[PDB]
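Undergrad: Encoded as structure tokens, here's the structure I'll be asking about.
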Protein chains: 2
Amino acid sequence: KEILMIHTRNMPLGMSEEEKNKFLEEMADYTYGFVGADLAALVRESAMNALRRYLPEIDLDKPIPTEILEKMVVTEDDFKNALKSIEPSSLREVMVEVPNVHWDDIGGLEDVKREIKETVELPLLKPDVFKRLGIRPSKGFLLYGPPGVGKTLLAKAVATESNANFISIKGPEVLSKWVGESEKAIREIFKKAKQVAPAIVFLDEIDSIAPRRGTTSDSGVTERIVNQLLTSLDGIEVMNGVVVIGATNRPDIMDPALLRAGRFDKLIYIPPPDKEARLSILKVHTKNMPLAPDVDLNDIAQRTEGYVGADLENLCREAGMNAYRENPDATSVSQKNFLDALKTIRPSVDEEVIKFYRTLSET
Amino acid sequence: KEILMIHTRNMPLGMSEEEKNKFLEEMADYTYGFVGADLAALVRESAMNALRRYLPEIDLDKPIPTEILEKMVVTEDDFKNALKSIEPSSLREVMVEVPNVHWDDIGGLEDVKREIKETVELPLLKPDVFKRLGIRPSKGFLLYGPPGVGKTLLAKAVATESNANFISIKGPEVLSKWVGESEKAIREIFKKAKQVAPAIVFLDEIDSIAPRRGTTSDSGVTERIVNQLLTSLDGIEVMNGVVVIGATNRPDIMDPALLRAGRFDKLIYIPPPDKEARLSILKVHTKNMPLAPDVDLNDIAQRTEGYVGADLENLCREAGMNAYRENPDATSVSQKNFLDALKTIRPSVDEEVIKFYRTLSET
């Protein structure tokens, strides 16, 4: 935005009196392929988006009239046409980002969420005091529970709360980089976060690394990623402001030696929501979209039990399509829409995976 | 006791100033099957439980006052919340016990004990002369008889007396690994006993797969495990006095090689408890709990016929519970409780299993 304005300094469109889609931040949200000069080329592409419509329909030549230089302008669309036109360059990797997710954006469950306060935030603020108290909290925790449900969003919540930029390392992200043997760079991302410290290193669905590779020639029967993760733990400590956060669907199958205490310590379980949490997370979705309270939010809570947050966040999201409001197919929000969605949405039909958690978690 | 104590020198839990037993043996009971790391996490999560009380309520940031340290006192409640916390998680890996029992700790039949001494104590203390007399009393021996009495207890009494290392293989450990096609983990504990020998290795249903079938062995009487037991029993040398103990609930499932020379020389049969033995067993169990001279210990025994050690122990714990919980009176448990408690119960050992034993001992 501060680089683009330099090219707005090179345009007499005006800004801060003009506030509009052309506001440079809203357009800056689209692009990570680029850096400062690429934006210069971009505004030249946008500036060229203009000349290609303007100049040809004029059919100019050595004479250049002044009126054109006057009546001609640079619209918001040509930027979009310039933004949709892409030449991604900047290094292949995942970059730090600050989301807006917070306690306000997580309905969740206060009991398990409240533990995140003392698990992350407190160690962040007072690493020197626990020395005075004579305490050294863990190096990270491990989340396991029903798939989806927002377990990925739970870390994005503590991300904005920690006031530190956030990186999410997801299984597919390592695999695409793995083919290039860049796992050493995946480790560099952690050393990179340290140079950026404070920053949060989030290992997502780390059970997703092994399943595709079975047992093959990785480091040997144990993965090189595991070898990269073992070494990733060698560098960090409880001292650094960087926080390791595990999230896993199956925190067993791979190589529990790496999941062993001292590597990933706390075992935290994400339970599926309940009627009230189902209602709370529901209220968070419906408040943004227009609402006609023909539904009884407690009644559709009666119908709904055994539905995880994934089904709900999808159900809240899925029934929205069946309902139509502000266009002329419109049908308002009604139990009929949530009734038809009841058939479309898949319940939780496996209590197996649920009892493996409860039995294993209890004792 | 030692691990927790290292943690207890940096924290004032060592001597008891509080309402519990702070000698760490009490906290050691609920902790069965832990290692130094798991306990460090336990007391570490205990400082968290302590931290959760004191810091959030005062909620300091920079300051470090003296009062917050004066106010902080570690309480039992932290461990209770920690023991109720995720601290128990997984059952980790197999373990071997350590013995106690001596003649003082356990009663039971005198016939088999002396018979076991002939088999155990004599070859251990006097192997030399037995070599030159053409007299070999035993190499190892088999214990079979009524289950549930903890015949292991008898093997521990003689083992502790003779001052020979005792080893017990719990049935569940043999049940799981046999399916995993791993008989080596079973060798390790035995091999651990062979090198440290002279030692007495007790095997509780090392054939456990077979005893689960009850009377018969649907497959052959031999399986993968016994094949090495056969090999091991023969492979033992005279460099160290060694006596191996197989034990099972069902003797009829044995490979005939086992019963032969150099493997099982002697076959031990524990006949049903003697009338006088039941009296002593009933007295040992009842005086470990609240007791008063309100009863006649011989009268309760007369009503008992066929009851085994497992049944006699149930009578004592059941009486006190139905008896006065707290009283100033000299009587705690009463004769009416013992008598009435007998009418409900029934003898454990059954006739069918008895017949299958007698025929073998004769043959």
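All residue names refer to the structure tokens as shown: chains lettered A, B, ... in order, residues numbered from 1 in each chain, ligands numbered from 1 in order.
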Please give the root-mean-square deviation of the Cα atoms once chain A has been least-squares fitted onto chain B, pairing every Cα in order.
TA: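 For chain B versus chain A, the C-alpha RMSD is 3.8 Å.
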Undergrad: Select from chain A every residue with an atom at most 7 Å from any atom of chain B, then for each give the shortest pair of atoms and their distance in Å to one decimal, using only C-alpha atoms, rows by chain and rising number, as a tab-separated table.
TA:
residue	atom	partner	partner_atom	distance
A:267	CA	B:86	CA	6.9
A:360	CA	B:90	CA	6.4
A:361	CA	B:89	CA	5.6
A:362	CA	B:89	CA	6.6
A:363	CA	B:89	CA	5.3
Undergrad: Residues near residue 159 in chain B, anyone? I mean within 9 Å using only C-alpha atoms, not counting same-chain ones fewer than 2 positions away, as a list in words.
TA: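 Near residue 159 in chain B, the qualifying residues are residues 99, 101, 102, 120, 121, 154, 155, 156, 157, 161, 162, 163, 164, 165, 166, 199 and 200 of chain B.
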Undergrad: Set the distance at 12 Å and use only C-alpha atoms: which residues neighbour residue 123 in chain A once local chain neighbours fewer than 5 positions away are removed? I'd like the list as a list in words.
TA: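 Result of the neighbour search: residues 116, 117, 118, 128, 129, 130, 131, 135, 136, 137, 138, 139, 140, 162, 198, 237, 238, 239, 240, 241, 242, 243 and 244 of chain A; 48, 51 and 61 of chain B.
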Undergrad: Excluding range 177-183 of chain A and residues on its chain fewer than 3 positions from it, collect all residues at most 8 Å away from it, counting only C-alpha atoms, and give them as a PDB file with N, CA, C and O atoms, in the first residue's frame.
TA:
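After the write, result.pdb holds the following:
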ATOM      1  N   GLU A 173       1.152 -28.774   2.250  1.00  0.00           N
ATOM      2  CA  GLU A 173       2.180 -27.768   2.001  1.00  0.00           C
ATOM      3  C   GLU A 173       3.574 -28.380   2.050  1.00  0.00           C
ATOM      4  O   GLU A 173       4.472 -27.959   1.310  1.00  0.00           O
ATOM      5  N   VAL A 174       3.776 -29.374   2.919  1.00  0.00           N
ATOM      6  CA  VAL A 174       5.082 -30.021   3.020  1.00  0.00           C
ATOM      7  C   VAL A 174       5.308 -30.944   1.830  1.00  0.00           C
ATOM      8  O   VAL A 174       6.430 -31.069   1.324  1.00  0.00           O
ATOM      9  N   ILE A 186      11.578 -26.203   4.667  1.00  0.00           N
ATOM     10  CA  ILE A 186      10.496 -26.276   5.645  1.00  0.00           C
ATOM     11  C   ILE A 186      11.050 -26.073   7.049  1.00  0.00           C
ATOM     12  O   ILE A 186      10.422 -25.422   7.894  1.00  0.00           O
ATOM     13  N   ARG A 187      12.234 -26.625   7.321  1.00  0.00           N
ATOM     14  CA  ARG A 187      12.911 -26.335   8.580  1.00  0.00           C
ATOM     15  C   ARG A 187      13.370 -24.884   8.627  1.00  0.00           C
ATOM     16  O   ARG A 187      13.339 -24.247   9.687  1.00  0.00           O
ATOM     17  N   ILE A 225      11.065 -35.849   7.427  1.00  0.00           N
ATOM     18  CA  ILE A 225      10.296 -34.787   8.071  1.00  0.00           C
ATOM     19  C   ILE A 225      10.350 -34.957   9.582  1.00  0.00           C
ATOM     20  O   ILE A 225      10.661 -34.014  10.321  1.00  0.00           O
ATOM     21  N   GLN A 228      13.432 -33.822  10.352  1.00  0.00           N
ATOM     22  CA  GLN A 228      13.415 -32.363  10.341  1.00  0.00           C
ATOM     23  C   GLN A 228      12.668 -31.820  11.552  1.00  0.00           C
ATOM     24  O   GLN A 228      13.018 -30.765  12.093  1.00  0.00           O
TER      25      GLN A 228
END
Undergrad: If we count only C-alpha atoms, what is near residue 202 in chain A at a cut-off of 6 Å, once residues fewer than 5 positions away on the same chain are taken out, given as a list in words?
TA: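 The filter keeps residues 168, 169, 244 and 245 of chain A.
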Undergrad: Which is closer to residue 235 in chain A than all the others in A:193, A:291, A:258, A:312, using only C-alpha atoms?
TA: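 Of the candidates, the smallest distance to residue 235 in chain A is held by A:193.
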Undergrad: How many Å lie between CA of residue 250 in chain B and CA of residue 210 in chain B, rounded to one decimal?
TA: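 Between CA of residue 250 in chain B and CA of residue 210 in chain B the gap is 8.5 Å.
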Undergrad: DSSP on the backbone, helix (DSSP H, G or I) only: what residues of range 149-346 of chain A does that give? Format it as an NGL selection string.
TA: :A and (151-161 or 171-179 or 183-195 or 206-208 or 224-235 or 256-259 or 275-288 or 299-303 or 309-322 or 335-344)
Undergrad: Of the residues A:5, A:247, A:253, A:203, which is the one nearest to residue 148 in chain A, using only C-alpha atoms?
TA: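 Closest to residue 148 in chain A, using only C-alpha atoms: A:247.
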Undergrad: Using Å and a single decimal, report how far CA of residue 233 in chain B sits from CA of residue 261 in chain B.
TA: 9.8 Å
Undergrad: At what distance in Å, to one decimal, does CA of residue 315 in chain A lie from CA of residue 328 in chain A?
TA: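 That distance, rounded to one decimal, is 23.2 Å.
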